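Novice: One structure, as structure tokens, below. Some questions next.
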2 protein chains.
Amino acid sequence: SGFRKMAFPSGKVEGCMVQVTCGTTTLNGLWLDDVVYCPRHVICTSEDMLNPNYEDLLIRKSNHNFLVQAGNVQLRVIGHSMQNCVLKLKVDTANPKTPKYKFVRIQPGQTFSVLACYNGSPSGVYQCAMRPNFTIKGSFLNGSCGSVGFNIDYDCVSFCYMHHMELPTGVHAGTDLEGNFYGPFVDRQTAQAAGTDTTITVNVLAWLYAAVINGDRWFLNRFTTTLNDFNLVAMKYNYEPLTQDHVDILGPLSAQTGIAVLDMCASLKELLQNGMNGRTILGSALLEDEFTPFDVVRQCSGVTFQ
Amino acid sequence: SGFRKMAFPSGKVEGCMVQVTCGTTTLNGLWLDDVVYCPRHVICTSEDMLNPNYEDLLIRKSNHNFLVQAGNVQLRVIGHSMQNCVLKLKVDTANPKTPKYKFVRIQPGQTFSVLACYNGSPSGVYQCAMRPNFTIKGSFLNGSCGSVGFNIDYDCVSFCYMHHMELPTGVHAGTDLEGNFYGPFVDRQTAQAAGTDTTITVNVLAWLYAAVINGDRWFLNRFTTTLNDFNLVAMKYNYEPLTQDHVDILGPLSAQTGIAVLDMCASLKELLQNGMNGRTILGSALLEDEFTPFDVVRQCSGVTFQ
Ligand SMILES: [Cl-]
């Protein structure tokens with residue numbers, strides 16, 4: 001038993017992290033087969049980032065201006081190109097540690113593991129959720145750009161996030177591995193509005209189910225509700241609307257606990273209207289929304305990876 | 001910026017996990033050089049665990065009863081021995097992926113990363129604190145025994161914990177890598193009392209400093225305190241007494257922030273007595289005690305590992 005926020009084992013991704021330097025700037029890149037992927041703002045100086053013309057900046061660069069280092073091994077750059085907001089550097093050696101991998105663009109509310117890296121060296125691993133407003137609440141110091149987020153399915157790494165920037169509000173923004181930002185953000189140093197954020201309702205429900213499975217049951221009540229009545233309460237409290245697709249995803253947990261999804265919605269409704277009265281659930285005094293239903297099943301089943 | 005509960009990158013430990021099978025029980029082992037380490041209870045059946053005589057049970061076994069498996073390839077066991085609560089299985093092949101490593105016995109209040117494993121395959125990684133009563137609050141299903149906890153200082157893996165059992169209270173107990181249990185626990189399926197737990201005061205203080213460094217600061221107050229008057233309050237709320245050594249350990253965070261340790265204790269005193277009033281520090285509605293002062297410093301200067 002027990003329930004923890006748990007990251008994937010980071011070994012397969014560790015072997016892909018490299019250091020990329022261009023002029024004065026050093027950040028992280030991802031070495032897969034014979035291509036290194038990194039944020040295009042590696043080519044910017046401090047003054048550039050206020051209003052960069054990335055096409056004009058890149059024209060000034062040649063292959064030998066890019067210093068790519070994997071451990072102590074220096075890679076030779078034989079081609080460069082920009083794809084949206086990511087730089088793709090062709091190198092003359094394929095990474096022998098390349099795992100089976102895919103590039104995925106995840107949906108808001110899905111979770112992934114982040115390997116935070118500095119100067120191409122891994123510093124730590126932790127689990128993140130893509131907020132409904134397409135930001136993430138990470139730990140990313142100066143130099144962490146190019147760190148990646150991923151999920152592992154047995155032996156396949158699905159890369160879904162590359163870190164690019166910190167907004168003035170202290171939240172974090174980045175791209176998929178084809179270089180397209182999540183959300184409305186651009187890679188320049190300006191004020192940028194993130195949307196109103198909202199709580200990921202289906203994730204809160206899944207975590208209530210995990211609490212029931214681990215014996216935390218004080219919040220179960222004698223009430224039920226409807227999808228429509230529940231959603232009136234959700235909008236009031238800045239919660240995402242629950243859909244039937246979400247009800248279907250919660251089906252397996254409903255069956256393990258014998259608690260119908262709309263009955264668990266009734267319990268969440270009462271927690272939203274009445275608060276928690278200074279009580280805790282799974283060691284938390286807030287409602288937690290960074291566990292997907294799949295996360296909860298994996299941790300209440302024992303899913304393992306190659 | 002940002003502050004997260006971060007585990008060490010687990011790659012160096014992944015390559016050491018093997019599956020150990022004795023007769024009919026299967027758990028995890030740690031393959032280091034030419035030795036595999038695992039919980040000695042692997043040699044027990046279900047009925048055995050109620051009152052085991054491990055010396056007698058081990059006499060019934062020989063080298064060929066232990067099936068040690070690394071991925072798909074097989075180790076030859078050429079010798080076995082029992083060290084306290086740990087089985088040492090000598091194998092004829094040194095693990096080619098053995099990292100630089102050390103066996104360490106940690107202190108209550110210190111932290112480490114856990115690589116949760118099932119059938120010798122890594123499933124996830126998370127950070128844990130050794131509670132003052134020598135339990136840990138992990139996530140450990142059936143088959144997770146032999147999972148290990150560790151820290152990394154650059155290139156050296158310091159193994160400090162091996163998982164042995166889940167207590168009837170749902171908390172977790174285990175040994176160092178010499179096989180000595182942390183706490184009063186034994187490897188026997190019996191009701192076992194863990195002591196009263198307490199909150200790790202020096203860790204709560206370090207986390208308050210992390211909060212100030214990251215911009216959460218509403219809890220800084222008009223007041224100061226003495227070490228003695230603070231401890232009077234700490235005892236009331238079941239916090240560990242703060243000592244001068246603890247003040248010294250917090251010295252560097254005091255110097256970065258310009259907030260004397262005893263002023264931060266005054267902030268903690270007012271939080272214990274008044275609560276958080278529905279405000280959150282670093283996203284938490286509770287006082288967090290699973291970050292050590294070194295953990296905070298490490299995540300504010302960007303320490304990496306090779
Ligand atoms: Cl957690």
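Ordering of the structure tokens sets the chain letters (A, B, ...); residue numbers start at 1 within each chain; ligands are numbered from 1 in the order shown.
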Which residues are close to range 211-228 of chain B, i.e. within 8 Å by only C-alpha atoms, leaving aside same-chain residues fewer than 3 positions away? Reply as a PyMOL selection string.
Specialist: chain B and resi 1-3+207-208+231-232+242-243+257+262-267+271+281-282
Novice: Counting only C-alpha atoms and all ligand atoms, give me one row per residue of chain A with an atom at most 8 Å from an atom of ligand 1, showing the shortest contact pair and its distance in Å to one decimal, sorted by chain then residue number, as a Markdown table.
Specialist:
| residue | atom | partner | partner_atom_place_in_ligand_line | distance |
| --- | --- | --- | --- | --- |
| A:3 | CA | ligand 1 | 1 (Cl) | 7.3 |
| A:4 | CA | ligand 1 | 1 (Cl) | 4.2 |
| A:5 | CA | ligand 1 | 1 (Cl) | 4.2 |
| A:6 | CA | ligand 1 | 1 (Cl) | 7.2 |
Novice: Excluding residue 103 in chain A and any residue of its chain fewer than 6 positions from it, enumerate the residues within 8 Å of it, using only C-alpha atoms, and give them as a list in words.
Specialist: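 Listing them by chain and then by number gives residues 158, 159, 160, 176, 177 and 178 of chain A.
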Novice: Can you list every residue in range 53-275 of chain B that DSSP puts in strand (DSSP E or B), as a PyMOL selection string?
Specialist: chain B and resi 66-70+73-74+77-83+86-91+101-103+111-118+121-129+136+148-153+156-166+172-175+181+199+239
Novice: So, counting only C-alpha atoms, which residue among B:39, B:168, B:195, B:184 is closest to chain A?
Specialist: B:168
Novice: Write out as a PDB file with N, CA and C atoms, in the first residue's frame which residues come within 12 Å of residue 49 in chain A when counting only C-alpha atoms, dropping same-chain ones fewer than 6 positions away.
Specialist:
ATOM      1  N   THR A  25      25.908  30.973 -25.028  1.00  0.00           N
ATOM      2  CA  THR A  25      24.787  30.306 -24.371  1.00  0.00           C
ATOM      3  C   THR A  25      24.977  28.794 -24.354  1.00  0.00           C
ATOM      4  N   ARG A  40      15.622  26.525 -29.886  1.00  0.00           N
ATOM      5  CA  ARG A  40      16.290  27.429 -30.811  1.00  0.00           C
ATOM      6  C   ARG A  40      16.867  28.648 -30.109  1.00  0.00           C
ATOM      7  N   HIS A  41      16.395  28.995 -28.874  1.00  0.00           N
ATOM      8  CA  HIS A  41      17.005  30.231 -28.360  1.00  0.00           C
ATOM      9  C   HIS A  41      18.454  29.997 -27.876  1.00  0.00           C
ATOM     10  N   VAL A  42      19.041  28.818 -28.120  1.00  0.00           N
ATOM     11  CA  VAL A  42      20.470  28.647 -27.866  1.00  0.00           C
ATOM     12  C   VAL A  42      21.293  29.636 -28.693  1.00  0.00           C
ATOM     13  N   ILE A  43      20.746  30.106 -29.822  1.00  0.00           N
ATOM     14  CA  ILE A  43      21.464  31.048 -30.682  1.00  0.00           C
ATOM     15  C   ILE A  43      21.292  32.510 -30.271  1.00  0.00           C
ATOM     16  N   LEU A  57      19.000  35.404 -37.119  1.00  0.00           N
ATOM     17  CA  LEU A  57      20.041  34.959 -36.191  1.00  0.00           C
ATOM     18  C   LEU A  57      20.678  33.654 -36.643  1.00  0.00           C
ATOM     19  N   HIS A 164      11.410  25.450 -22.368  1.00  0.00           N
ATOM     20  CA  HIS A 164      11.917  26.659 -23.032  1.00  0.00           C
ATOM     21  C   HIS A 164      11.974  27.897 -22.151  1.00  0.00           C
ATOM     22  N   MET A 165      11.021  28.110 -21.244  1.00  0.00           N
ATOM     23  CA  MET A 165      11.083  29.394 -20.571  1.00  0.00           C
ATOM     24  C   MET A 165      10.269  29.430 -19.295  1.00  0.00           C
ATOM     25  N   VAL A 186       5.280  32.235 -26.894  1.00  0.00           N
ATOM     26  CA  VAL A 186       6.361  32.408 -27.857  1.00  0.00           C
ATOM     27  C   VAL A 186       7.683  32.492 -27.101  1.00  0.00           C
ATOM     28  N   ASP A 187       8.776  32.170 -27.804  1.00  0.00           N
ATOM     29  CA  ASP A 187      10.094  32.174 -27.173  1.00  0.00           C
ATOM     30  C   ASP A 187      10.680  33.575 -27.334  1.00  0.00           C
ATOM     31  N   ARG A 188      10.171  34.486 -26.509  1.00  0.00           N
ATOM     32  CA  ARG A 188      10.750  35.818 -26.390  1.00  0.00           C
ATOM     33  C   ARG A 188      10.463  36.341 -24.989  1.00  0.00           C
ATOM     34  N   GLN A 189      11.336  37.228 -24.515  1.00  0.00           N
ATOM     35  CA  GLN A 189      11.237  37.798 -23.168  1.00  0.00           C
ATOM     36  C   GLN A 189      10.277  38.992 -23.172  1.00  0.00           C
ATOM     37  N   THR A 190       8.985  38.671 -23.087  1.00  0.00           N
ATOM     38  CA  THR A 190       7.917  39.650 -22.922  1.00  0.00           C
ATOM     39  C   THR A 190       6.936  39.115 -21.893  1.00  0.00           C
TER      40      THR A 190
END
Novice: Specify as a list in words all residues of chain A found within 6 Å of chain B, counting only C-alpha atoms.
Specialist: residues 1, 2, 3, 4, 6, 7, 8, 9, 10, 11, 121, 122, 123, 124, 125, 126, 138, 139, 140, 141, 285, 304 and 305 of chain A
Novice: Taking N, CA and C atoms for each residue, export the selection above as a compact mmCIF listing (two decimals), in the first residue's frame.
Specialist:
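For reference, again-v3.txt as written:
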# COMPACT_ATOMS: atom_id res chain seq x y z
N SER A 1 0.82 -1.20 0.00
CA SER A 1 0.00 0.00 0.00
C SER A 1 0.86 1.26 0.00
N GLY A 2 0.24 2.38 0.32
CA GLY A 2 0.84 3.69 0.16
C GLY A 2 0.57 4.28 -1.21
N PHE A 3 0.63 5.61 -1.29
CA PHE A 3 0.42 6.31 -2.55
C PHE A 3 1.34 7.53 -2.60
N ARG A 4 2.18 7.59 -3.64
CA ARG A 4 3.17 8.64 -3.80
C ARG A 4 3.12 9.22 -5.20
N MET A 6 5.02 9.74 -8.27
CA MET A 6 6.09 8.85 -8.69
C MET A 6 6.45 9.13 -10.14
N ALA A 7 7.74 9.26 -10.41
CA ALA A 7 8.23 9.51 -11.76
C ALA A 7 8.65 8.20 -12.41
N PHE A 8 8.71 8.20 -13.73
CA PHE A 8 9.28 7.02 -14.39
C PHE A 8 10.77 6.92 -14.11
N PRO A 9 11.32 5.71 -14.14
CA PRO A 9 12.78 5.55 -14.09
C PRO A 9 13.42 6.30 -15.25
N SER A 10 14.46 7.06 -14.95
CA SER A 10 14.99 8.04 -15.90
C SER A 10 16.19 7.53 -16.70
N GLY A 11 16.60 6.27 -16.51
CA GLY A 11 17.81 5.77 -17.15
C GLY A 11 17.81 5.90 -18.66
N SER A 121 23.90 17.47 -17.90
CA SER A 121 23.98 16.47 -16.84
C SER A 121 22.68 16.41 -16.06
N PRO A 122 22.15 15.21 -15.83
CA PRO A 122 20.87 15.08 -15.11
C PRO A 122 21.00 15.45 -13.64
N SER A 123 20.05 16.24 -13.15
CA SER A 123 20.02 16.68 -11.76
C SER A 123 18.93 16.02 -10.93
N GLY A 124 17.77 15.73 -11.51
CA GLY A 124 16.71 15.12 -10.72
C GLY A 124 15.53 14.78 -11.61
N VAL A 125 14.61 14.00 -11.05
CA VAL A 125 13.43 13.58 -11.80
C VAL A 125 12.19 13.78 -10.94
N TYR A 126 11.11 14.24 -11.56
CA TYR A 126 9.87 14.50 -10.83
C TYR A 126 8.72 14.46 -11.82
N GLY A 138 6.98 23.47 -12.56
CA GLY A 138 8.17 22.67 -12.41
C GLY A 138 9.19 23.29 -11.49
N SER A 139 10.42 22.78 -11.58
CA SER A 139 11.60 23.34 -10.93
C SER A 139 12.66 23.41 -12.02
N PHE A 140 12.92 24.62 -12.51
CA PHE A 140 13.74 24.86 -13.71
C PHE A 140 14.59 26.11 -13.46
N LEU A 141 15.83 25.92 -13.03
CA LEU A 141 16.71 27.06 -12.79
C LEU A 141 17.34 27.51 -14.10
N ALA A 285 -3.90 18.18 2.52
CA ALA A 285 -5.01 19.02 2.98
C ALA A 285 -5.68 19.77 1.84
N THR A 304 5.24 -2.26 -14.46
CA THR A 304 6.69 -2.25 -14.53
C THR A 304 7.14 -1.99 -15.97
N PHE A 305 8.43 -1.67 -16.13
CA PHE A 305 8.98 -1.26 -17.42
C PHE A 305 10.32 -1.94 -17.66
